[PDB]
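Structure file data01.pdb with PDB, C-alpha atoms:
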```pdb
ATOM      1  CA  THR A  10     -17.890 -30.485  53.095  1.00  0.00           C
ATOM      2  CA  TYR A  11     -20.820 -31.729  55.078  1.00  0.00           C
ATOM      3  CA  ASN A  12     -21.969 -35.132  56.295  1.00  0.00           C
ATOM      4  CA  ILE A  13     -24.589 -36.158  53.837  1.00  0.00           C
ATOM      5  CA  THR A  14     -26.387 -38.296  56.258  1.00  0.00           C
ATOM      6  CA  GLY A  15     -27.984 -35.458  58.131  1.00  0.00           C
ATOM      7  CA  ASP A  16     -31.256 -33.557  58.747  1.00  0.00           C
ATOM      8  CA  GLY A  17     -32.560 -30.333  57.350  1.00  0.00           C
ATOM      9  CA  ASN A  18     -32.095 -31.148  53.653  1.00  0.00           C
ATOM     10  CA  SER A  19     -34.756 -29.907  51.216  1.00  0.00           C
ATOM     11  CA  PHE A  20     -36.141 -31.767  48.277  1.00  0.00           C
ATOM     12  CA  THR A  21     -37.471 -28.965  46.257  1.00  0.00           C
ATOM     13  CA  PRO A  22     -37.641 -29.462  42.525  1.00  0.00           C
ATOM     14  CA  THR A  23     -38.918 -26.322  40.843  1.00  0.00           C
ATOM     15  CA  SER A  24     -39.427 -25.085  37.365  1.00  0.00           C
ATOM     16  CA  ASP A  25     -37.275 -22.222  38.276  1.00  0.00           C
ATOM     17  CA  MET A  26     -34.431 -24.586  38.995  1.00  0.00           C
ATOM     18  CA  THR A  27     -34.462 -26.942  36.022  1.00  0.00           C
ATOM     19  CA  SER A  28     -31.552 -29.076  36.195  1.00  0.00           C
ATOM     20  CA  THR A  29     -28.760 -27.830  33.808  1.00  0.00           C
ATOM     21  CA  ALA A  30     -24.894 -28.147  33.439  1.00  0.00           C
ATOM     22  CA  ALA A  31     -22.748 -27.404  30.512  1.00  0.00           C
ATOM     23  CA  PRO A  32     -23.320 -30.430  28.287  1.00  0.00           C
ATOM     24  CA  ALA A  33     -21.527 -29.017  25.075  1.00  0.00           C
ATOM     25  CA  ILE A  34     -20.333 -25.795  23.763  1.00  0.00           C
ATOM     26  CA  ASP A  35     -20.432 -23.931  20.443  1.00  0.00           C
ATOM     27  CA  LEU A  36     -17.339 -24.666  18.361  1.00  0.00           C
ATOM     28  CA  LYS A  37     -18.296 -23.504  14.923  1.00  0.00           C
ATOM     29  CA  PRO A  38     -15.304 -22.550  12.731  1.00  0.00           C
ATOM     30  CA  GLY A  39     -16.782 -19.260  11.908  1.00  0.00           C
ATOM     31  CA  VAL A  40     -17.012 -18.718  15.603  1.00  0.00           C
ATOM     32  CA  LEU A  41     -13.404 -19.543  16.355  1.00  0.00           C
ATOM     33  CA  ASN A  42     -11.870 -16.460  14.830  1.00  0.00           C
ATOM     34  CA  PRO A  43     -11.907 -13.045  16.507  1.00  0.00           C
ATOM     35  CA  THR A  44      -9.462 -12.113  14.834  1.00  0.00           C
ATOM     36  CA  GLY A  45      -6.312 -10.148  13.883  1.00  0.00           C
ATOM     37  CA  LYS A  46      -2.938 -11.877  13.929  1.00  0.00           C
ATOM     38  CA  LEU A  47      -0.194  -9.898  15.545  1.00  0.00           C
ATOM     39  CA  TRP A  48       2.643  -8.544  13.527  1.00  0.00           C
ATOM     40  CA  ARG A  49       5.744  -6.165  13.494  1.00  0.00           C
ATOM     41  CA  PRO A  50       7.424  -3.482  11.275  1.00  0.00           C
ATOM     42  CA  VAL A  51       9.905  -5.870   9.865  1.00  0.00           C
ATOM     43  CA  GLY A  52      11.729  -5.913  13.119  1.00  0.00           C
ATOM     44  CA  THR A  53      13.434  -2.506  13.020  1.00  0.00           C
ATOM     45  CA  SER A  54      12.166   0.807  14.505  1.00  0.00           C
ATOM     46  CA  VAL A  55       9.176   2.920  13.563  1.00  0.00           C
ATOM     47  CA  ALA A  56       9.807   3.303   9.889  1.00  0.00           C
ATOM     48  CA  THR A  57       9.096   0.041   8.193  1.00  0.00           C
ATOM     49  CA  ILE A  58       5.245   0.252   8.543  1.00  0.00           C
ATOM     50  CA  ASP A  59       5.101  -0.735   4.956  1.00  0.00           C
TER      51      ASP A  59
ATOM     52  CA  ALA B 326      22.660  15.205 -24.169  1.00  0.00           C
ATOM     53  CA  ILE B 327      23.803  18.336 -22.474  1.00  0.00           C
ATOM     54  CA  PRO B 328      20.791  19.260 -20.348  1.00  0.00           C
ATOM     55  CA  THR B 329      19.250  22.652 -20.888  1.00  0.00           C
ATOM     56  CA  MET B 330      18.813  25.353 -18.227  1.00  0.00           C
ATOM     57  CA  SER B 331      15.155  24.968 -18.901  1.00  0.00           C
ATOM     58  CA  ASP B 332      15.044  21.236 -18.363  1.00  0.00           C
ATOM     59  CA  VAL B 333      17.189  21.165 -15.270  1.00  0.00           C
ATOM     60  CA  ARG B 334      15.041  23.892 -13.723  1.00  0.00           C
ATOM     61  CA  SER B 335      11.982  21.888 -14.663  1.00  0.00           C
ATOM     62  CA  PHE B 336      13.371  18.678 -13.259  1.00  0.00           C
ATOM     63  CA  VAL B 337      14.429  20.289 -10.028  1.00  0.00           C
ATOM     64  CA  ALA B 338      11.063  21.916  -9.603  1.00  0.00           C
ATOM     65  CA  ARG B 339       9.499  18.550  -9.932  1.00  0.00           C
ATOM     66  CA  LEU B 340      11.821  16.961  -7.530  1.00  0.00           C
ATOM     67  CA  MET B 341      11.182  19.429  -4.759  1.00  0.00           C
ATOM     68  CA  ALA B 342       7.735  18.084  -4.195  1.00  0.00           C
ATOM     69  CA  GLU B 343       6.245  15.375  -1.968  1.00  0.00           C
ATOM     70  CA  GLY B 344       6.142  11.627  -1.570  1.00  0.00           C
ATOM     71  CA  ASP B 345       8.461   9.102   0.014  1.00  0.00           C
ATOM     72  CA  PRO B 346      10.266   5.895  -1.145  1.00  0.00           C
ATOM     73  CA  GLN B 347      10.263   2.330   0.313  1.00  0.00           C
ATOM     74  CA  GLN B 348      13.987   1.358   0.328  1.00  0.00           C
ATOM     75  CA  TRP B 349      15.736   3.648   2.604  1.00  0.00           C
ATOM     76  CA  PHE B 350      19.421   3.354   3.454  1.00  0.00           C
ATOM     77  CA  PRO B 351      21.893   3.613   6.245  1.00  0.00           C
ATOM     78  CA  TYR B 352      24.621   6.231   5.727  1.00  0.00           C
ATOM     79  CA  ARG B 353      27.343   3.747   6.382  1.00  0.00           C
ATOM     80  CA  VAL B 354      26.847   1.809   3.179  1.00  0.00           C
ATOM     81  CA  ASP B 355      25.357   1.855  -0.352  1.00  0.00           C
ATOM     82  CA  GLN B 356      22.363  -0.410  -0.797  1.00  0.00           C
ATOM     83  CA  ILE B 357      21.875  -1.736  -4.302  1.00  0.00           C
ATOM     84  CA  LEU B 358      18.687  -3.727  -4.977  1.00  0.00           C
ATOM     85  CA  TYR B 359      18.232  -7.165  -3.455  1.00  0.00           C
ATOM     86  CA  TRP B 360      16.296  -8.376  -6.512  1.00  0.00           C
ATOM     87  CA  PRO B 361      19.330  -9.153  -8.631  1.00  0.00           C
ATOM     88  CA  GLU B 362      18.601  -7.239 -11.821  1.00  0.00           C
ATOM     89  CA  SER B 363      21.172  -4.683 -10.812  1.00  0.00           C
ATOM     90  CA  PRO B 364      24.640  -5.603 -12.248  1.00  0.00           C
ATOM     91  CA  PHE B 365      26.331  -5.202  -8.810  1.00  0.00           C
ATOM     92  CA  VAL B 366      29.937  -6.027  -9.035  1.00  0.00           C
ATOM     93  CA  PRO B 367      32.089  -6.078  -5.896  1.00  0.00           C
ATOM     94  CA  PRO B 368      32.512  -2.283  -5.059  1.00  0.00           C
ATOM     95  CA  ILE B 369      34.905  -0.991  -2.436  1.00  0.00           C
ATOM     96  CA  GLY B 370      32.400   0.350   0.010  1.00  0.00           C
ATOM     97  CA  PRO B 371      28.882  -0.786  -0.912  1.00  0.00           C
ATOM     98  CA  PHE B 372      27.971  -4.048   0.614  1.00  0.00           C
ATOM     99  CA  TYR B 373      25.008  -5.071  -1.574  1.00  0.00           C
ATOM    100  CA  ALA B 374      21.117  -4.930  -1.428  1.00  0.00           C
ATOM    101  CA  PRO B 375      19.031  -3.064   1.011  1.00  0.00           C
ATOM    102  CA  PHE B 376      19.466  -5.101   4.172  1.00  0.00           C
ATOM    103  CA  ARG B 377      15.815  -5.558   4.331  1.00  0.00           C
ATOM    104  CA  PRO B 378      14.013  -7.521   1.639  1.00  0.00           C
ATOM    105  CA  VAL B 379      10.474  -6.181   2.052  1.00  0.00           C
ATOM    106  CA  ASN B 380       7.990  -6.450  -0.772  1.00  0.00           C
ATOM    107  CA  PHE B 381       7.345  -4.579  -4.001  1.00  0.00           C
ATOM    108  CA  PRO B 382       7.027  -5.227  -7.751  1.00  0.00           C
ATOM    109  CA  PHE B 383       9.786  -4.900 -10.272  1.00  0.00           C
ATOM    110  CA  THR B 384      10.612  -5.967 -13.892  1.00  0.00           C
ATOM    111  CA  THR B 385      13.001  -5.521 -16.838  1.00  0.00           C
ATOM    112  CA  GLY B 386      12.349  -3.574 -19.942  1.00  0.00           C
ATOM    113  CA  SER B 387      13.938  -0.949 -22.211  1.00  0.00           C
ATOM    114  CA  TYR B 388      12.550   2.408 -23.169  1.00  0.00           C
ATOM    115  CA  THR B 389      10.850   3.126 -26.457  1.00  0.00           C
ATOM    116  CA  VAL B 390      12.550   6.143 -27.952  1.00  0.00           C
ATOM    117  CA  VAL B 391       9.460   8.062 -29.125  1.00  0.00           C
ATOM    118  CA  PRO B 392       9.878  11.680 -30.459  1.00  0.00           C
ATOM    119  CA  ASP B 393       7.815  14.627 -29.349  1.00  0.00           C
ATOM    120  CA  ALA B 394       4.451  14.191 -30.967  1.00  0.00           C
ATOM    121  CA  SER B 395       3.272  17.443 -32.305  1.00  0.00           C
ATOM    122  CA  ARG B 396      -0.346  16.218 -32.286  1.00  0.00           C
ATOM    123  CA  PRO B 397      -3.109  16.007 -29.764  1.00  0.00           C
ATOM    124  CA  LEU B 398      -3.956  12.398 -28.692  1.00  0.00           C
ATOM    125  CA  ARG B 399      -7.056  10.359 -28.462  1.00  0.00           C
ATOM    126  CA  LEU B 400      -7.958   8.080 -25.554  1.00  0.00           C
ATOM    127  CA  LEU B 401      -9.944   4.863 -25.390  1.00  0.00           C
ATOM    128  CA  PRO B 402     -11.135   4.759 -21.788  1.00  0.00           C
ATOM    129  CA  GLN B 403     -10.908   1.123 -20.952  1.00  0.00           C
ATOM    130  CA  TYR B 404     -12.546   0.602 -17.550  1.00  0.00           C
ATOM    131  CA  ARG B 405     -11.514  -0.763 -14.227  1.00  0.00           C
ATOM    132  CA  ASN B 406     -13.845  -1.818 -11.474  1.00  0.00           C
ATOM    133  CA  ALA B 407     -13.297   0.868  -8.912  1.00  0.00           C
ATOM    134  CA  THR B 408     -16.361   3.054  -9.079  1.00  0.00           C
ATOM    135  CA  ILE B 409     -16.394   6.568  -7.541  1.00  0.00           C
ATOM    136  CA  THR B 410     -19.405   8.369  -6.257  1.00  0.00           C
ATOM    137  CA  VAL B 411     -20.906  11.069  -8.509  1.00  0.00           C
ATOM    138  CA  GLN B 412     -20.304  13.987  -6.180  1.00  0.00           C
ATOM    139  CA  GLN B 413     -16.613  13.175  -5.806  1.00  0.00           C
ATOM    140  CA  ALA B 414     -16.234  12.680  -9.523  1.00  0.00           C
ATOM    141  CA  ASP B 415     -17.718  16.059 -10.081  1.00  0.00           C
ATOM    142  CA  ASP B 416     -15.763  17.640  -7.341  1.00  0.00           C
ATOM    143  CA  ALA B 417     -12.451  16.299  -8.692  1.00  0.00           C
ATOM    144  CA  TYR B 418     -13.370  17.643 -12.063  1.00  0.00           C
ATOM    145  CA  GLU B 419     -13.900  20.975 -10.553  1.00  0.00           C
ATOM    146  CA  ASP B 420     -10.523  20.628  -8.870  1.00  0.00           C
ATOM    147  CA  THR B 421      -8.519  19.801 -12.037  1.00  0.00           C
ATOM    148  CA  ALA B 422     -10.474  21.657 -14.793  1.00  0.00           C
ATOM    149  CA  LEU B 423      -8.634  24.046 -17.065  1.00  0.00           C
ATOM    150  CA  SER B 424     -12.112  25.167 -18.091  1.00  0.00           C
ATOM    151  CA  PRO B 425     -13.687  27.695 -18.511  1.00  0.00           C
ATOM    152  CA  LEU B 426     -12.082  28.675 -21.815  1.00  0.00           C
ATOM    153  CA  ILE B 427     -13.049  30.518 -24.982  1.00  0.00           C
ATOM    154  CA  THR B 428     -14.308  27.985 -27.440  1.00  0.00           C
ATOM    155  CA  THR B 429     -13.325  28.287 -31.063  1.00  0.00           C
ATOM    156  CA  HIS B 430     -16.702  27.765 -32.724  1.00  0.00           C
ATOM    157  CA  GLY B 431     -15.629  26.653 -36.128  1.00  0.00           C
ATOM    158  CA  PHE B 432     -18.398  25.787 -38.571  1.00  0.00           C
ATOM    159  CA  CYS B 433     -21.969  24.633 -38.318  1.00  0.00           C
TER     160      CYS B 433
END
```

Here is a file; write its structure as structure tokens.
Amino acid sequence: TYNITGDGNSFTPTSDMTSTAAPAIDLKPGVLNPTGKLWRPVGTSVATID
Amino acid sequence: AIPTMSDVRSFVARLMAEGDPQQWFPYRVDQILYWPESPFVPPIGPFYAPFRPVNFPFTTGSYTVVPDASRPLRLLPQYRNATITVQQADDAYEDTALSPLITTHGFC
């Protein structure tokens, strides 16, 4: 970090650079999913696929 | 009662086809249904059940002793909601048809 109390610092507000952050995010239920729960062939070898 | 040469040879022929069960078995034990319909006593060597309770339907019911019906049977085609495409329908017909055959005309 730099001493704030120095010279050279620009005050250029532009349309191009419109403030933004991440205020909130999408958390719709629908949107939560993707997707498949992970499972196993009973627990024995490659036979129990059923 | 005592099975005919005919019927055994039929039954065998049928058997020696395709398609596989669900409840397999290890060769170290006999595995007699985990759903306790089976009257499984305590046998010498068989433990009990298949070791692995999976999932499949079952039920109890006796067989209706119906004689060989020397008459052709009618069918009411009650419908179920699984609706095949015309081409496939047709196709499968083509696949299973006993037709062509020489039609007894009868009378006008």

(request) Excluding range 355-359 of chain B and any residue of its chain fewer than 2 positions from it, enumerate the residues within 10 Å of it, using only C-alpha atoms, and give them as a ChimeraX atom specification. (result) /B:348-353,361-365,368,370-379

Listed atoms of range 16-23 of chain A boxed axis-aligned with 5 Å per side, centre + edges as JSON:
```
{"center_x": -35.1, "center_y": -29.9, "center_z": 49.8, "size_x": 17.7, "size_y": 17.2, "size_z": 27.9}
```

(request) Any chance you could resolve the ChimeraX specification (/B :<12) & /A against this file and give the residues as a count of residues only? (result) 8

(request) Go ahead and compute the interatomic distance for CA of residue 55 in chain A and CA of residue 381 in chain B, in Å to one decimal. (result) 19.2 Å

Would you kindly place N, CA, C and O atoms on range 12-24 of chain A and return the model as an mmCIF file, keeping the file's coordinate frame?
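The new file out-v1.cif reads:
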```cif
data_model
loop_
_atom_site.group_PDB
_atom_site.id
_atom_site.type_symbol
_atom_site.label_atom_id
_atom_site.label_comp_id
_atom_site.auth_asym_id
_atom_site.auth_seq_id
_atom_site.Cartn_x
_atom_site.Cartn_y
_atom_site.Cartn_z
ATOM 1 N N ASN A 12 -21.341 -33.832 56.129
ATOM 2 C CA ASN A 12 -21.969 -35.132 56.295
ATOM 3 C C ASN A 12 -23.298 -35.218 55.544
ATOM 4 O O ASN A 12 -24.152 -34.363 55.717
ATOM 5 N N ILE A 13 -23.322 -36.088 54.538
ATOM 6 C CA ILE A 13 -24.589 -36.158 53.837
ATOM 7 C C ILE A 13 -25.841 -36.733 54.495
ATOM 8 O O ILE A 13 -26.927 -36.165 54.433
ATOM 9 N N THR A 14 -25.431 -37.583 55.434
ATOM 10 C CA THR A 14 -26.387 -38.296 56.258
ATOM 11 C C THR A 14 -26.945 -37.591 57.488
ATOM 12 O O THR A 14 -27.034 -38.070 58.613
ATOM 13 N N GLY A 15 -27.334 -36.344 57.197
ATOM 14 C CA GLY A 15 -27.984 -35.458 58.131
ATOM 15 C C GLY A 15 -29.369 -34.887 57.855
ATOM 16 O O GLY A 15 -29.707 -34.869 56.672
ATOM 17 N N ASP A 16 -29.909 -34.097 58.774
ATOM 18 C CA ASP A 16 -31.256 -33.557 58.747
ATOM 19 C C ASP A 16 -31.276 -32.046 58.549
ATOM 20 O O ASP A 16 -30.533 -31.385 59.279
ATOM 21 N N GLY A 17 -32.349 -31.677 57.848
ATOM 22 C CA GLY A 17 -32.560 -30.333 57.350
ATOM 23 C C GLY A 17 -32.664 -30.137 55.841
ATOM 24 O O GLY A 17 -33.219 -29.151 55.358
ATOM 25 N N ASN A 18 -32.121 -31.107 55.102
ATOM 26 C CA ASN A 18 -32.095 -31.148 53.653
ATOM 27 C C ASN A 18 -33.388 -31.206 52.854
ATOM 28 O O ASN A 18 -34.245 -32.080 52.938
ATOM 29 N N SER A 19 -33.605 -30.145 52.071
ATOM 30 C CA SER A 19 -34.756 -29.907 51.216
ATOM 31 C C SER A 19 -34.700 -30.678 49.908
ATOM 32 O O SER A 19 -33.653 -30.867 49.297
ATOM 33 N N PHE A 20 -35.885 -31.193 49.578
ATOM 34 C CA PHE A 20 -36.141 -31.767 48.277
ATOM 35 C C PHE A 20 -37.243 -30.967 47.593
ATOM 36 O O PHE A 20 -38.374 -31.164 48.032
ATOM 37 N N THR A 21 -36.672 -29.890 47.037
ATOM 38 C CA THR A 21 -37.471 -28.965 46.257
ATOM 39 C C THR A 21 -37.096 -28.745 44.807
ATOM 40 O O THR A 21 -36.423 -27.828 44.334
ATOM 41 N N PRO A 22 -37.565 -29.662 43.962
ATOM 42 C CA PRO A 22 -37.641 -29.462 42.525
ATOM 43 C C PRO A 22 -38.690 -28.485 42.041
ATOM 44 O O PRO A 22 -39.900 -28.639 42.218
ATOM 45 N N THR A 23 -38.172 -27.424 41.423
ATOM 46 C CA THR A 23 -38.918 -26.322 40.843
ATOM 47 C C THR A 23 -38.536 -26.016 39.405
ATOM 48 O O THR A 23 -37.340 -26.070 39.121
ATOM 49 N N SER A 24 -39.571 -25.525 38.735
ATOM 50 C CA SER A 24 -39.427 -25.085 37.365
ATOM 51 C C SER A 24 -38.369 -24.051 36.995
ATOM 52 O O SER A 24 -37.756 -24.000 35.926
#
```
